[PDB]
Amino acid sequence: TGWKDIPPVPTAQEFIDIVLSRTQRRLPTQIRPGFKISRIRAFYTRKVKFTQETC
Amino acid sequence: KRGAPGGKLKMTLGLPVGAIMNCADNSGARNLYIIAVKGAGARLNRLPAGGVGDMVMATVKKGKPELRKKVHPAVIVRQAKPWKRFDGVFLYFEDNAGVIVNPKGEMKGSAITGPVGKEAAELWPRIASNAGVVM
Amino acid sequence: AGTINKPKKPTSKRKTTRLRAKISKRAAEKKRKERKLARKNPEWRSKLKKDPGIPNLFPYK
Amino acid sequence: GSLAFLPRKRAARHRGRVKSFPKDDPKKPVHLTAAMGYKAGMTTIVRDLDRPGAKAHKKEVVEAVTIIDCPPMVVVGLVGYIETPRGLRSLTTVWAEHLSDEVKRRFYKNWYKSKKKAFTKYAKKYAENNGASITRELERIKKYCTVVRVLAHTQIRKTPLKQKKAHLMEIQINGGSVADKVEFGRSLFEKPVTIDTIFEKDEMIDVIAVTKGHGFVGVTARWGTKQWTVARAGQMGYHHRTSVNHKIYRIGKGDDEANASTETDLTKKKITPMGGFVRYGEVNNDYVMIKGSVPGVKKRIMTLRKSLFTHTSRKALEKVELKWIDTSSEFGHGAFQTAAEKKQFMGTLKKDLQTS
Amino acid sequence: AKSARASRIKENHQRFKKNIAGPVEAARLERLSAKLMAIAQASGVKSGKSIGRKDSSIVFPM
RNA sequence: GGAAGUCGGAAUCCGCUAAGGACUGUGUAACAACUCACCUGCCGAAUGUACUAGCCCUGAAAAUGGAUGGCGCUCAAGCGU
RNA sequence: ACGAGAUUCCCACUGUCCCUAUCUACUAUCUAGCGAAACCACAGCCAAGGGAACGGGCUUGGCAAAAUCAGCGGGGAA
RNA sequence: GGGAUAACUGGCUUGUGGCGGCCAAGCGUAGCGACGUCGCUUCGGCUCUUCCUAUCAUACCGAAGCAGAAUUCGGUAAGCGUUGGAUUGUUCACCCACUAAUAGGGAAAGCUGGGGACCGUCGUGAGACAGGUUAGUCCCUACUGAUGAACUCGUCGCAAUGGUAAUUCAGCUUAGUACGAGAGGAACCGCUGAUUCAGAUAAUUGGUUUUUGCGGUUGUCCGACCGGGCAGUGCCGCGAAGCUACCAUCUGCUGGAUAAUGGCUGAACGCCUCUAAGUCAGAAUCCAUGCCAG
């Protein structure tokens, strides 16, 4: 049929902005030092994992 | 284009998800198992339900082995739950039956056993072409 | 932004006394660290400073 | 549930107030706005649909309609309002001479034991050369008021109701100069106004009434469950409601003797069902056949008013053609429209021969 | 979809109210007013033409 | 393939000069054409650049409705002396 | 082969559910008579502030109108 | 065995790594030194009300070889919604679809499944003990409804204030048109339905039956018949009335001002500029009307 359905390929800088904005706005961004250590570990683990899946 | 018919009028739906209805065509299937209803809404705890002329997604429980390999669209042709037509007539059939139909609306079989509901015949011309009795 | 029609929660300027002591302790602590760091002073100090001199716009230069 | 109807308390009054009359401009002709009727019941009709673009176009459709008994209202007064920075204010009202006993019953709680002298001194105002006082009030309305309303009361002696205390309301006079409508209101004194003059066929109206009561009901049936925002138990029903966009399908005359007849069926019959409207009686006056359902129990006072805005749908300004009107009994699985049709079907009975 | 308070829907309704619904309701009002017209037509101090006085507060009592 | 300052690599000189880059962008398949740099005429008196110091905006905020103490205050009822 | 043993599958049934509705009796409700106990510093509206993440009485705002009946569960170191 | 210690965090947190060199305005008179570039790489489920926006969808805008269709990135926006199953084979636990979409959090919370510490004795290259002791703290108010004294009783009204409501999709026409080599393939105006939500209503259809209304029938009894009693309404059939059901039917409405953004005239700044003075339009936004209470 054709190859018009290929999604656009972002530039190197636009790729980073797309990935980093998604992990900032699609996930909560408020953690406090007074929480449990397991809760803090789970919060930052989610951010690292979420960034990779989008990538 | 999702196979939700347009111009359909409101009627009493009497075939929820998880119901067994007979198969009215000569494609080799005997009964169908409803697992999804095309055009269903999004409300909590509500089981999607179908009616005469509504495309559903069904699997063949008993029938020809080929038809038991994949989930097929189907249009409900007869309904045991009484419903009302706009002429003020409350009517019902003695069984629940449908026909295997491709996503566009073309019947896979070539003949229909039993009468075809008026709403299903008017909505889908292909079912109207392969019908012997319309009531 | 639609701030006029639908303003958000105000940012309180009512100082809580917990912050004020906490804000004063940090000012005291920060001042002490400057004095201690200026004591270590691994940096050269001269006698004569760079005098900018008479300004050019002074009519009697 | 909905927080727009939140104070789910009993209505302060059994009658129901209009709360809004349509906006007035002097360019339109002089006309009335609202009227009163009594709910009779429901019946089934067959309509020859003429809806271009619908599936039932050029086809017959069966619909449910409600019947409201509408005896003519009597205009017995006039009220004038002025605009203030604090809203609308009643400046003065001018009553007519010779009020009826029913409208005087509204003014009394114990009418039987009372010495009926309401408006006795007011009547002397007309007939004892104090007509200057009456005219002075009429001229006061003309030169100071911006909205003029008419006090009209029902005639329940014509209604098959045990109640003898009539219902008063103010109906706004719209479409004209303040001077023009004042002469309009004075000319309407002591005169009956029929429903076919206020409304007409195939027009869409709003109905105001108090809903059926249910008493103390829990959360399951009150708020519809599967603080002020949390569902609680309390009063369900008897709530003031304003339902809009209800199409008048027919206005019967009562004296026609063929109210339920159409141009399709040639049966001389009235609107009253075989055996009478269940729990209401017989409609012997003008009636308004309103499509669908309407708030209120049978024999409840019903407030009909006009649409506040010009309509934006083809449901309005579309002709309504009727094929057949049901008249069979509502007291059971009726199958006969007339007493003659039952006797023809079953032949003659044992009692028929014994009496004859 | 477009809301009931959409600007475009209001503009379309305004044209409908002016070009289709208006004339029909104007003709209806003429007929109704004619019927009610038919039913209805079926010294200043001593006469009341000089509108005089019949029969909490706003100012401070002096 | 075509490449004329302007798809690319590298050099980037001289003449006429008042001045004009072996060219700053638009443009052509390549030209053409336009534009910038720079120069002249008209106009006429003050301008440009970069920093410094004040005050003001931004310089990141979640989740019951609320806080310079409150009303409120703008040549202040704010800021400096 | 046996087992009120467990699990899976197949047929059948079901207000378990889509999604609730109706009906009956005793209560709940009101009256006559009889008639306690638990518990009780004194009280009892909300918001922000009250350094010791502590408020119910203070601050300063929102406010704020007698006397009652029924429903409820929101509040009272290692 | 002894000593210091109840324990932590509170304008905390969020999107862009560290180390070394080069460059580097300054500070300074060698040392600190940003942005760039180079080098090396206890847990799960259940929930109702409200709030937030860090917006998945619906509305409106800016940009992209964006022809059309379908999209992608970004902006204003929380008005309105954000599903039904599997969890029965393997694992970083995640497939099946339906849908316009199946966004993330706070109030931090309760139910439900999964998954103790001191002495004593006998020994210690090491544990054993059914040896002893022990902690395990129906009223007021809030809300929802109903009455109410005082103002003579009543009738007809006003409207401060409080709440507020609608939502999404599809089909016909435009049109096999614009657009396109072909394959394919829109939109505004107009018309008709359906989903979710909300408020009502009983003509019709279905459900319900102490109408104990009529009939049939089992056991026992009134001596048989007739007519009946009892079986806490014996059982069965129909059953009006009432109540109810997106299991039935009806209805859901219009002005102004704005955000992003696109403009007009025009200084700042002898060009220019949507902005400075002035001003036009413009979102499901805001405020009101319609609606509910008084």
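Residues numbered from 1 in each chain as written, not as in the entry; some residues may be left out. Chains lettered and ligands numbered in written order. Part of a larger assembly, values for the part shown. Heavy atoms only, no water.

- In the nomenclature of the PDB entry, chain B corresponds to 60S ribosomal protein l23-like protein from the organism Chaetomium thermophilum.
- Here the PDB entry title reads "Cryo-EM structure of a Chaetomium thermophilum pre-60S ribosomal subunit - State Puf6".
- Under Sequence similarities (unreviewed entry), UniProt gives the following word-for-word description of chain B: "Belongs to the universal ribosomal protein uL14 family." (UniProt positions renumbered as here; feature names shortened; annotations may be inferred.)

- Where the PDB entry is consulted, chain A appears under the name Nucleolar GTP-binding protein 1, with the organism given as Chaetomium thermophilum.

**Considering the protein's contact with RNA strand G**
- Around RNA strand G lies a shell of 13 residues, among which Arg-43, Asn-45 and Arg-46 of chain B together with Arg-14 and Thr-17 of chain C are the nearest.
- Protein-adjacent atoms of RNA strand G, using a 4 Å cutoff, are sugar or phosphate at a proportion of 84%.
- In the environment of RNA strand G, a sugar or linking oxygen lies 3.4 Å from a nitrogen or oxygen atom belonging to the side chain of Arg-46 of chain B.
- A distance of 3.3 Å separates a phosphate oxygen of RNA strand G from a polar atom in the backbone of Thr-17 of chain C. (Near = heavy atom within 4 Å. Polar contact = N/O pair within 3.5 Å; in protein donor to acceptor, adjacent residues only side chain to side chain.)

**Examining the protein's contact with RNA strand H**
- Inspection of the region around RNA strand H gives 148 residues, with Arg-2 and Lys-84 of chain B, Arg-15 and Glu-170 of chain D together with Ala-1 of chain E positioned closest.
- Among the atoms of RNA strand H close to the protein, meaning within 4 Å, 82% are from sugar or phosphate groups.
- Interatomic distance of 2.4 Å between a side-chain N/O atom of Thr-29 of chain A and a base nitrogen of RNA strand H.
- Contact between RNA strand H and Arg-222 of chain D: a sugar or linking oxygen at 3.0 Å from a side-chain N or O atom of the residue.
- Per element, the largest residue contribution to the surface near RNA strand H is nine residues, and it comes from helix α1 (residues 7-19) of chain E.
- Looking at side-chain class alone, the surface near RNA strand H contains 50 nonpolar, 43 polar and 55 charged residues. (Helix = DSSP H or I, 4+ residues; strand = E, 2+ residues; numbered from the N terminus. Nonpolar A, V, L, I, M, F, W, Y, C, P; charged D, E, K, R; others polar.)

**Overview of helix α2 (residues 21-41) of chain E**
- If you check α2 of chain E, its first and last C-alpha atoms are 30 Å apart, about what 21 residues at 1.5 Å a residue would give, namely 30 Å.
- Every buried residue belonging to α2 of chain E is among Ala-21, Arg-28, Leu-29, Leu-32, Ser-33, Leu-36 and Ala-40 of chain E, and all of these are buried. One side of α2 of chain E holds all its buried residues, which, seen down the axis, span an arc of 135 degrees. Among the exposed residues of α2 of chain E, those pointing more than 90 degrees away from its buried face are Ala-38 and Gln-41 of chain E.
- Contacts made by the buried residues of α2 of chain E are with β1 (31-32), α4 (178-187), β8 (191-193) and α5 (195-198) of chain D together with α1 of chain E. (Expected span 1.5 Å × (residues − 1). Buried < 20%, exposed > 50% of the residue type's maximum accessible area, 1.4 Å probe, protein only. Arc of directions from axis to C-beta. Contact = heavy atoms within 4.5 Å.)

**A look at the interface of chain D and chain E**
- Contacts between chain D and chain E engage 36 residues on the former and 29 residues on the latter.
- A per-residue breakdown of the area chain D buries against chain E is headed by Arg-136, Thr-197 and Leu-317 of chain D, which together make up 20% of the total.
- Between chain D and chain E we count five salt bridges in total.
- The shortest N-O distance in the salt bridge between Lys-49 of chain E and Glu-139 of chain D comes to 2.8 Å.
- For the pair chain D and chain E, the number of links is nine residue pairs in polar contact.
- Listed by contribution, the elements that provide at least two residues to the side of chain D that touches chain E are β1, β5 (87-95), α3 (131-144), α4, β8 and α5 of chain D. (Buried area = accessible area lost by both parts, 1.4 Å probe. Salt bridge = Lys/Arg side-chain N within 4 Å of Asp/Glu carboxyl O.)

**Looking at the sheet that holds strand β3 (residues 29-37) of chain B**
Residue and element names in this part refer to chain B.
- Around the barrel, which closes on itself, the five strands sit in the order β2-β3-β5-β6-β9 with mixed pairing between neighbours. The average undirected angle you get between the axes of adjacent strands in this sheet is 55 degrees.
- Across four bridges, the pairing between strand β5 (residues 55-63) and strand β6 (residues 72-78) is antiparallel. Of the residues in β6, the one forming a bridge with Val-56 is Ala-74. (Pairing = 2+ DSSP bridges. Axes fitted to C-alpha atoms, helices over the stretch in contact; angles between N-to-C directions.)

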